[PDB]
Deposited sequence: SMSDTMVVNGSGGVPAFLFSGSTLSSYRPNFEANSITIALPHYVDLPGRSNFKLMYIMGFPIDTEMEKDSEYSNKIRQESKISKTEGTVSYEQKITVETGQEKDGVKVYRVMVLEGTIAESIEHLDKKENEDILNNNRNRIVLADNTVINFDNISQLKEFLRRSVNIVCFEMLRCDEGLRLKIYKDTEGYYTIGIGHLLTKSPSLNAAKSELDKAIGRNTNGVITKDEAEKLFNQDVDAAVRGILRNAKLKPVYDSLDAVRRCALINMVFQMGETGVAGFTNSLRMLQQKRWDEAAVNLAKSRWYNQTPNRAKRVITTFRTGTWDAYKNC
């Protein structure tokens, strides 16, 4: 007929932009002739059940079908973990995929294959990955082969950041408290959650307006426990973003392990970025991993003199890289 399609190019699809962008993967299959990389090659991911991958042009495609097949996976179970408020334990590897599904067939491009949460965060922020992530369904395939389906890409990125930032949550809760209703801090300012300053305005309505903006709903000044975690995530993200823009803080931050990063973030929560940036000598000792020397030097500061109990806890965290000071808080 006249409407028959005679010319095909790369437009559309089904899923969209399927072979665009990049994939991060420590695993790299070894098949064999170089000129046949664009031909499909199938492999079972080492160490995993029901995890067959089809490679095309070096990219992995994860297909699931209800129909039994030697070339696709069985339909995977959905995880019970909340896509809105849940986390994945921060040390587990994850697989991040983007694609489409319908009528018992699922076709997903693998974007991160058994990567860390932090690797996943950086990878999904790459500009070359915007088109594929923004135009397809995004999911995580967990280490146990269950799946978390996300409503949109931002929800997935927020879940990832929540999973890494939660590592600092109980530490800051210990030091700053956790409140689910607006209260006044020791300076008279409206605050909620884990030391989250809403406004310096004496207007309670203004504080509620700020809270509603941060949470994204009409809270009437009351939040859930998970929303305290949401504000905390926003605050940690802001702190880290500022640290990385500050030539006095980036090198030390880049050098620290997760637990010690929490201690640096704790200092920023307490005294602000500029204040922490003033600790030139102690920061240098931390960057050089001179833990005992750093701890000794931090204790000689006005910070330590003003709040010695919290400072002792933070300093022990820098000295040891453990949660010893926060056990049973």
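Absent C-alpha positions map to one deposited sequence range, 33.
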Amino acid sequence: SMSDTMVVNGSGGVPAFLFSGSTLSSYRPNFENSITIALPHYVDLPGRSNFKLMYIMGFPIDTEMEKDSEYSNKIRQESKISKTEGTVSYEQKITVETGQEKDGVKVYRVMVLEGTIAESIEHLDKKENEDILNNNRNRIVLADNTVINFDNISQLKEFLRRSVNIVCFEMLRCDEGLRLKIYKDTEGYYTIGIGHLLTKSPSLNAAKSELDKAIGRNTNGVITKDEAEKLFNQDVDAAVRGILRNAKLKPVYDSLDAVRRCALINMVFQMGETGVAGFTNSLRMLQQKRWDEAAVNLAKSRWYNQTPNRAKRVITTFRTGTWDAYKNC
From here on, numbers count along this sequence of modelled residues.
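In this entry, 253 to 261 shows the higher mean Cα temperature factor of the pair 147 to 155 and 253 to 261.
For the pair 278 to 286 and 34 to 42, the record assigns the higher mean C-alpha temperature factor to 34 to 42. Out of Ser201, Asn129, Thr116, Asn136, it is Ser201 whose C-alpha atom has the highest B-factor in the PDB entry. Reading the B-factor column for the CA atoms of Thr316, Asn309, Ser11, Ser25 in the entry, the top value corresponds to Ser11.
Among the modelled residues of its chain, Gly272 has a C-alpha B-factor that falls in the middle third, as given in the PDB entry. When the modelled residues of the chain are ordered by their C-alpha B factor, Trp291 lands in the highest third. Ranked within its chain, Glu97 lands in the lowest third, by CA B factor from the PDB record. Residue-level temperature factors show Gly193 in the lowest third of its chain, judged at the C-alpha atom. Residue-level temperature factors show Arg302 in the lowest third of its chain, judged at the C-alpha atom.
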